[PDB]
>>> print(open('input_5.tsv').read())   # TSV, C-alpha atoms
chain	number	residue	atom	x	y	z
A	673	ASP	CA	37.97	92.41	-137.31
A	674	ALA	CA	38.51	92.97	-133.59
A	675	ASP	CA	41.49	95.39	-134.06
A	676	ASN	CA	43.78	92.73	-132.42
A	677	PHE	CA	43.23	94.40	-129.00
A	678	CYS	CA	46.46	96.38	-128.68
A	679	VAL	CA	47.33	99.99	-127.96
A	680	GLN	CA	50.36	101.94	-129.24
A	681	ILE	CA	51.09	104.98	-127.09
A	682	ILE	CA	54.57	106.27	-127.93
A	683	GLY	CA	56.12	109.38	-126.42
A	684	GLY	CA	52.83	110.96	-125.47
A	685	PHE	CA	52.52	114.73	-125.49
A	686	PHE	CA	49.02	115.54	-124.29
A	687	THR	CA	47.57	118.86	-125.39
A	688	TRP	CA	44.93	120.33	-123.10
A	689	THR	CA	43.69	123.14	-125.29
A	690	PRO	CA	42.12	125.74	-122.96
A	691	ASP	CA	44.56	125.04	-120.13
A	692	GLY	CA	47.84	126.20	-121.66
A	693	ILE	CA	49.99	123.94	-119.44
A	694	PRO	CA	50.27	120.27	-120.49
A	695	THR	CA	49.09	118.74	-117.19
A	696	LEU	CA	49.99	115.24	-118.42
A	697	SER	CA	53.13	114.45	-120.42
A	698	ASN	CA	54.62	111.15	-121.62
A	699	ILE	CA	52.26	108.50	-120.35
A	700	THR	CA	52.97	105.79	-122.88
A	701	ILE	CA	52.54	102.03	-123.25
A	702	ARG	CA	51.36	99.26	-125.57
A	703	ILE	CA	48.20	97.49	-124.36
A	704	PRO	CA	48.59	93.77	-125.16
A	705	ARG	CA	46.39	91.21	-126.85
A	706	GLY	CA	43.77	89.25	-124.93
A	707	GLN	CA	45.07	91.22	-121.98
A	708	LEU	CA	43.08	92.47	-119.01
A	709	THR	CA	44.89	95.45	-117.53
A	710	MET	CA	43.32	97.66	-114.87
A	711	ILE	CA	44.61	101.22	-114.93
A	712	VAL	CA	45.20	101.95	-111.26
A	713	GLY	CA	46.43	104.63	-108.89
A	714	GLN	CA	42.96	106.18	-108.38
A	715	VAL	CA	44.25	109.57	-109.53
A	716	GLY	CA	40.64	110.74	-109.94
A	717	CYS	CA	39.77	112.59	-113.14
A	718	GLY	CA	43.39	111.98	-114.09
A	719	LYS	CA	42.19	108.51	-114.99
A	720	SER	CA	40.07	110.56	-117.37
A	721	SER	CA	43.32	112.11	-118.54
A	722	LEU	CA	43.64	108.48	-119.55
A	723	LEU	CA	40.07	108.35	-120.92
A	724	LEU	CA	39.62	111.49	-123.02
A	725	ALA	CA	43.27	112.09	-123.86
A	726	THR	CA	45.38	109.00	-123.28
A	727	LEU	CA	42.60	106.84	-124.72
A	728	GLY	CA	42.62	109.03	-127.83
A	729	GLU	CA	39.34	110.94	-127.62
A	730	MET	CA	41.65	113.95	-127.77
A	731	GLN	CA	44.76	114.06	-129.97
A	732	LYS	CA	48.29	113.40	-128.71
A	733	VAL	CA	50.79	115.82	-130.20
A	734	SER	CA	54.35	114.48	-129.93
A	735	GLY	CA	54.89	110.79	-130.52
A	736	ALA	CA	51.53	109.21	-131.34
A	737	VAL	CA	48.97	106.48	-130.73
A	738	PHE	CA	48.08	103.62	-133.09
A	739	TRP	CA	45.39	100.92	-132.89
A	740	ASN	CA	45.73	98.02	-135.35
A	741	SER	CA	45.52	98.84	-139.08
A	742	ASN	CA	41.81	99.79	-139.17
A	743	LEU	CA	40.44	102.90	-137.48
A	769	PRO	CA	32.95	99.32	-131.82
A	770	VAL	CA	35.24	101.31	-129.50
A	771	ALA	CA	33.26	101.93	-126.32
A	772	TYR	CA	33.59	103.22	-122.75
A	773	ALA	CA	31.23	104.17	-119.94
A	774	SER	CA	30.86	107.72	-118.69
A	775	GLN	CA	32.00	108.71	-115.20
A	776	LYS	CA	29.05	110.92	-114.34
A	777	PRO	CA	25.62	109.23	-114.51
A	778	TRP	CA	24.38	109.17	-118.11
A	779	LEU	CA	21.35	107.75	-119.87
A	780	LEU	CA	18.85	108.53	-122.62
A	781	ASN	CA	15.20	109.13	-121.84
A	782	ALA	CA	13.62	105.82	-122.82
A	783	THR	CA	12.62	102.39	-121.60
A	784	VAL	CA	15.13	100.90	-119.17
A	785	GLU	CA	15.44	98.14	-121.75
A	786	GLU	CA	15.90	100.88	-124.33
A	787	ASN	CA	18.44	102.19	-121.83
A	788	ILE	CA	20.37	98.91	-121.54
A	789	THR	CA	20.46	98.95	-125.36
A	790	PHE	CA	22.22	101.69	-127.29
A	791	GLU	CA	20.93	102.30	-130.80
A	792	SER	CA	22.22	98.91	-131.98
A	793	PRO	CA	19.99	95.84	-131.52
A	794	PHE	CA	20.09	93.16	-128.81
A	795	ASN	CA	18.70	89.71	-128.08
A	796	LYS	CA	17.27	87.85	-125.11
A	797	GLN	CA	20.31	85.64	-124.51
A	798	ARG	CA	22.66	88.62	-124.10
A	799	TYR	CA	19.77	90.55	-122.52
A	800	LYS	CA	19.43	88.16	-119.58
A	801	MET	CA	23.20	87.80	-119.89
A	802	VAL	CA	23.39	91.48	-118.99
A	803	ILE	CA	20.57	92.32	-116.57
A	804	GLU	CA	21.28	88.94	-114.98
A	805	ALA	CA	25.01	89.59	-115.33
A	806	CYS	CA	24.45	93.07	-113.91
A	807	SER	CA	22.18	91.25	-111.43
A	808	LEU	CA	19.65	93.97	-112.19
A	809	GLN	CA	16.75	91.57	-111.53
A	810	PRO	CA	15.92	93.06	-108.11
A	811	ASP	CA	17.36	96.40	-109.25
A	812	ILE	CA	15.19	96.46	-112.40
A	813	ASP	CA	12.34	95.13	-110.25
A	814	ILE	CA	12.56	98.11	-107.89
A	815	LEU	CA	11.39	100.66	-110.44
A	816	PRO	CA	7.64	100.13	-110.73
A	817	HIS	CA	7.13	99.06	-114.33
A	818	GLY	CA	10.63	97.63	-114.87
A	819	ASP	CA	11.53	96.66	-118.45
A	820	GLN	CA	9.34	99.09	-120.37
A	821	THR	CA	9.31	101.60	-117.48
A	822	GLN	CA	10.41	105.11	-118.32
A	823	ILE	CA	14.17	105.52	-117.89
A	824	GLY	CA	15.91	108.81	-118.51
A	825	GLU	CA	16.01	112.53	-117.87
A	826	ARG	CA	12.34	113.37	-117.40
A	827	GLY	CA	11.15	111.14	-114.60
A	828	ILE	CA	12.82	107.90	-113.55
A	829	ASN	CA	14.95	108.96	-110.59
A	830	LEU	CA	17.81	106.46	-110.59
A	831	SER	CA	20.28	105.45	-107.88
A	832	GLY	CA	23.89	106.47	-108.39
A	833	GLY	CA	25.23	102.93	-108.29
A	834	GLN	CA	22.35	102.13	-110.61
A	835	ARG	CA	23.65	104.72	-113.05
A	836	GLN	CA	27.10	103.19	-112.92
A	837	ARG	CA	25.15	99.94	-113.25
A	838	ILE	CA	22.98	100.22	-116.36
A	839	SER	CA	25.74	102.49	-117.64
A	840	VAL	CA	28.17	99.62	-117.10
A	841	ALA	CA	26.28	96.73	-118.64
A	842	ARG	CA	24.95	99.10	-121.31
A	843	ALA	CA	28.59	99.77	-122.00
A	844	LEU	CA	29.41	96.05	-122.30
A	845	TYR	CA	26.00	95.06	-123.68
A	846	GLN	CA	27.13	96.00	-127.20
A	847	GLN	CA	29.45	92.97	-127.21
A	848	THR	CA	32.25	94.58	-129.19
A	849	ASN	CA	36.02	94.32	-128.97
A	850	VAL	CA	37.01	97.35	-126.87
A	851	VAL	CA	35.50	98.39	-123.50
A	852	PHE	CA	36.47	100.78	-120.69
A	853	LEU	CA	35.27	101.38	-117.12
A	854	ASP	CA	35.39	104.19	-114.54
A	855	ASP	CA	35.13	104.19	-110.68
A	856	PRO	CA	33.42	100.78	-110.52
A	857	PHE	CA	32.75	100.80	-106.78
A	858	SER	CA	32.11	104.55	-106.62
A	859	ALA	CA	29.42	104.91	-103.97
A	860	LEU	CA	28.84	101.16	-104.34
A	861	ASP	CA	28.50	98.25	-101.91
A	862	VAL	CA	30.35	95.10	-100.91
A	863	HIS	CA	27.55	92.97	-102.35
A	864	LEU	CA	27.94	95.05	-105.49
A	865	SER	CA	31.71	94.77	-105.14
A	866	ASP	CA	32.01	90.99	-105.21
A	867	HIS	CA	28.91	91.22	-107.42
A	868	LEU	CA	30.97	93.70	-109.41
A	869	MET	CA	33.49	90.85	-109.51
A	870	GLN	CA	30.65	88.44	-110.40
A	871	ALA	CA	29.58	90.51	-113.39
A	872	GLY	CA	32.76	92.54	-113.94
A	873	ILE	CA	35.21	89.74	-114.47
A	874	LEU	CA	34.20	86.41	-112.98
A	875	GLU	CA	34.07	84.00	-115.89
A	876	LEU	CA	31.49	86.22	-117.58
A	877	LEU	CA	31.52	87.85	-121.02
A	878	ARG	CA	33.16	90.74	-119.22
A	879	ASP	CA	36.13	88.37	-119.30
A	880	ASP	CA	37.75	85.62	-121.38
A	881	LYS	CA	37.90	86.19	-125.16
A	882	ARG	CA	36.60	89.76	-125.34
A	883	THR	CA	39.20	92.46	-124.72
A	884	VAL	CA	38.60	94.91	-121.88
A	885	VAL	CA	39.93	97.75	-119.72
A	886	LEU	CA	38.89	99.20	-116.33
A	887	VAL	CA	39.99	101.44	-113.44
A	888	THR	CA	39.24	100.67	-109.80
A	889	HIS	CA	39.15	102.69	-106.56
A	890	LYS	CA	39.28	100.30	-103.62
A	891	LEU	CA	42.73	98.72	-103.46
A	892	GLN	CA	41.66	95.42	-101.91
A	893	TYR	CA	39.88	93.78	-104.87
A	894	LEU	CA	42.88	94.55	-107.09
A	895	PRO	CA	44.34	91.00	-106.88
A	896	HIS	CA	41.85	89.67	-109.42
A	897	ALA	CA	43.62	91.82	-112.01
A	898	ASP	CA	45.92	89.96	-114.38
A	899	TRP	CA	47.74	93.18	-115.26
A	900	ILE	CA	48.08	96.40	-113.26
A	901	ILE	CA	49.41	99.91	-113.86
A	902	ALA	CA	49.58	103.05	-111.73
A	903	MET	CA	49.98	106.77	-112.40
A	904	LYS	CA	52.43	109.32	-111.00
A	905	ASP	CA	52.04	112.95	-112.05
A	906	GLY	CA	51.97	112.65	-115.83
A	907	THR	CA	54.06	109.51	-116.41
A	908	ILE	CA	53.50	105.86	-115.62
A	909	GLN	CA	55.35	105.04	-112.43
A	910	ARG	CA	55.96	101.47	-113.61
A	911	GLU	CA	54.88	99.04	-116.30
A	912	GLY	CA	54.54	95.39	-115.38
A	913	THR	CA	52.99	93.15	-112.77
A	914	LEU	CA	52.46	93.56	-109.03
A	915	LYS	CA	55.73	91.71	-108.25
A	916	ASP	CA	58.44	93.98	-109.67
A	917	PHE	CA	56.69	97.09	-108.32
A	918	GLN	CA	56.32	95.43	-104.94
A	919	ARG	CA	60.07	95.12	-105.42
A	920	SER	CA	59.91	98.85	-106.20
A	921	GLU	CA	58.46	99.41	-102.69
A	922	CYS	CA	55.74	101.01	-104.74
A	923	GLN	CA	51.93	101.28	-104.93
A	924	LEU	CA	51.78	97.50	-105.17
A	925	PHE	CA	54.14	97.34	-102.18
A	926	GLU	CA	52.29	100.37	-100.80
A	927	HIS	CA	48.88	98.74	-100.46
A	928	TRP	CA	51.02	96.23	-98.61
A	929	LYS	CA	52.71	98.80	-96.33
A	930	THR	CA	49.84	101.32	-95.99
A	931	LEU	CA	46.60	99.59	-96.98
>>> encode(input="input_5.tsv", output="structure tokens")
Amino acid sequence: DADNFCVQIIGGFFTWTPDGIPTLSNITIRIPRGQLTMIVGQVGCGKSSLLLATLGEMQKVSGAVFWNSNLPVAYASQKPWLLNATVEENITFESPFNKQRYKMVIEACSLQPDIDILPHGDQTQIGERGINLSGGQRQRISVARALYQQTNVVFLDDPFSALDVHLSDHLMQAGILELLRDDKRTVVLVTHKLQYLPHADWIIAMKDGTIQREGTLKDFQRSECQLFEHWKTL
């Protein structure tokens, strides 16, 4: 079924093949069920040390990772990515889609003015040749297109990267809100701006290679830590 929406990361030894020096070591945790947890710390591409490697696209040497008993898993790319096609064909990866989740997405993504800016809109050319697309628009159709599949697992990167306040709260209006980005479907995400963090049920931060703490914003505030840091130095 849905894999139960858990992650087993135990005694991680991350192998970066061409490097020779294991930049990250022993970042481990178990992601819980029905649990929204935003990987935080804004380490940069180190969050991608959590995407490629610590999310299992690469292989962890010592210890291991495990996801349910059965081995739908999706994530959005950092850099702008698309396939040359209709923008609708862009919002939809090779699997199908329907009008309810369609409007659920472009309306969720609030793309209506955005997808009305490009001249032909829906069937307009979208991709490499032609169709010059705004950066936040790439993170945009990349984002919904990520969550448009409506499958168990999902992952985000730099949600406000070169984005706007209207698209920040709007990124709260699509991103969590009450929307399908939230509630029963399991999710993951990594922010940049430290202010909007409060909407996160669960939080985690990164120090060097290892998790600085595992828990909520209270105990780490008690750790005078990044949660207490955005308090001290905002």
>>> residues_around(input="input_5.tsv", residues="region 921-928 of chain A", least_positions_apart="5", cutoff="12 Å", atoms="all atoms listed in the file", output="PDB file with C-alpha atoms, in the coordinates of the input")
ATOM      1  CA  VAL A 712      45.200 101.950-111.260  1.00  0.00           C
ATOM      2  CA  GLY A 713      46.430 104.630-108.890  1.00  0.00           C
ATOM      3  CA  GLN A 714      42.960 106.180-108.380  1.00  0.00           C
ATOM      4  CA  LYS A 890      39.280 100.300-103.620  1.00  0.00           C
ATOM      5  CA  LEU A 891      42.730  98.720-103.460  1.00  0.00           C
ATOM      6  CA  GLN A 892      41.660  95.420-101.910  1.00  0.00           C
ATOM      7  CA  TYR A 893      39.880  93.780-104.870  1.00  0.00           C
ATOM      8  CA  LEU A 894      42.880  94.550-107.090  1.00  0.00           C
ATOM      9  CA  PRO A 895      44.340  91.000-106.880  1.00  0.00           C
ATOM     10  CA  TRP A 899      47.740  93.180-115.260  1.00  0.00           C
ATOM     11  CA  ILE A 900      48.080  96.400-113.260  1.00  0.00           C
ATOM     12  CA  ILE A 901      49.410  99.910-113.860  1.00  0.00           C
ATOM     13  CA  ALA A 902      49.580 103.050-111.730  1.00  0.00           C
ATOM     14  CA  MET A 903      49.980 106.770-112.400  1.00  0.00           C
ATOM     15  CA  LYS A 904      52.430 109.320-111.000  1.00  0.00           C
ATOM     16  CA  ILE A 908      53.500 105.860-115.620  1.00  0.00           C
ATOM     17  CA  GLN A 909      55.350 105.040-112.430  1.00  0.00           C
ATOM     18  CA  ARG A 910      55.960 101.470-113.610  1.00  0.00           C
ATOM     19  CA  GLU A 911      54.880  99.040-116.300  1.00  0.00           C
ATOM     20  CA  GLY A 912      54.540  95.390-115.380  1.00  0.00           C
ATOM     21  CA  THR A 913      52.990  93.150-112.770  1.00  0.00           C
ATOM     22  CA  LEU A 914      52.460  93.560-109.030  1.00  0.00           C
ATOM     23  CA  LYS A 915      55.730  91.710-108.250  1.00  0.00           C
ATOM     24  CA  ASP A 916      58.440  93.980-109.670  1.00  0.00           C
TER      25      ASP A 916
END
>>> closest_residue(input="input_5.tsv", among="A:832, A:721, A:777, A:716", to="residue 889 (chain A)", atoms="only C-alpha atoms")
A:716
>>> closest_residue(input="input_5.tsv", among="A:794, A:808, A:775, A:815", to="residue 858 (chain A)", atoms="only C-alpha atoms")
A:775
>>> closest_residue(input="input_5.tsv", among="A:862, A:847, A:782, A:809", to="residue 825 (chain A)", atoms="all atoms listed in the file")
A:782
>>> closest_residue(input="input_5.tsv", among="A:885, A:681, A:874, A:841", to="residue 737 (chain A)", atoms="all atoms listed in the file")
A:681
>>> residues_around(input="input_5.tsv", residues="residue 845 (chain A)", least_positions_apart="2", cutoff="8 Å", atoms="only C-alpha atoms", output="list in words")
residues 788, 789, 798, 799, 802, 841, 842, 843 and 847 of chain A
>>> closest_residue(input="input_5.tsv", among="A:850, A:869, A:814, A:699", to="residue 770 (chain A)", atoms="all atoms listed in the file")
A:850
>>> atom_distance(input="input_5.tsv", atom1="CA of residue 722 (chain A)", atom2="CA of residue 856 (chain A)")
15.7 Å
>>> closest_residue(input="input_5.tsv", among="A:730, A:784, A:674, A:703", to="residue 687 (chain A)", atoms="all atoms listed in the file")
A:730
>>> atom_distance(input="input_5.tsv", atom1="CA of residue 706 (chain A)", atom2="CA of residue 805 (chain A)")
21.1 Å
>>> atom_distance(input="input_5.tsv", atom1="CA of residue 872 (chain A)", atom2="CA of residue 812 (chain A)")
18.1 Å
>>> residues_around(input="input_5.tsv", residues="residue 882 (chain A)", least_positions_apart="3", cutoff="9 Å", atoms="only C-alpha atoms", output="ChimeraX atom specification")
/A:677,706,847-851,877-879
>>> residues_near_point(input="input_5.tsv", point="(10.4, 95.3, -115.7)", cutoff="12 Å", atoms="all atoms listed in the file", output="ChimeraX atom specification")
/A:783-786,803,808-823
>>> write_last_selection(input="input_5.tsv", atoms="C-alpha atoms", output="PDB file, in the frame of the given file")
ATOM      1  CA  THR A 783      12.620 102.390-121.600  1.00  0.00           C
ATOM      2  CA  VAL A 784      15.130 100.900-119.170  1.00  0.00           C
ATOM      3  CA  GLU A 785      15.440  98.140-121.750  1.00  0.00           C
ATOM      4  CA  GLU A 786      15.900 100.880-124.330  1.00  0.00           C
ATOM      5  CA  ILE A 803      20.570  92.320-116.570  1.00  0.00           C
ATOM      6  CA  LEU A 808      19.650  93.970-112.190  1.00  0.00           C
ATOM      7  CA  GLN A 809      16.750  91.570-111.530  1.00  0.00           C
ATOM      8  CA  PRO A 810      15.920  93.060-108.110  1.00  0.00           C
ATOM      9  CA  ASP A 811      17.360  96.400-109.250  1.00  0.00           C
ATOM     10  CA  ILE A 812      15.190  96.460-112.400  1.00  0.00           C
ATOM     11  CA  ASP A 813      12.340  95.130-110.250  1.00  0.00           C
ATOM     12  CA  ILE A 814      12.560  98.110-107.890  1.00  0.00           C
ATOM     13  CA  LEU A 815      11.390 100.660-110.440  1.00  0.00           C
ATOM     14  CA  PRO A 816       7.640 100.130-110.730  1.00  0.00           C
ATOM     15  CA  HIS A 817       7.130  99.060-114.330  1.00  0.00           C
ATOM     16  CA  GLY A 818      10.630  97.630-114.870  1.00  0.00           C
ATOM     17  CA  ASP A 819      11.530  96.660-118.450  1.00  0.00           C
ATOM     18  CA  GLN A 820       9.340  99.090-120.370  1.00  0.00           C
ATOM     19  CA  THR A 821       9.310 101.600-117.480  1.00  0.00           C
ATOM     20  CA  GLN A 822      10.410 105.110-118.320  1.00  0.00           C
ATOM     21  CA  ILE A 823      14.170 105.520-117.890  1.00  0.00           C
TER      22      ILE A 823
END
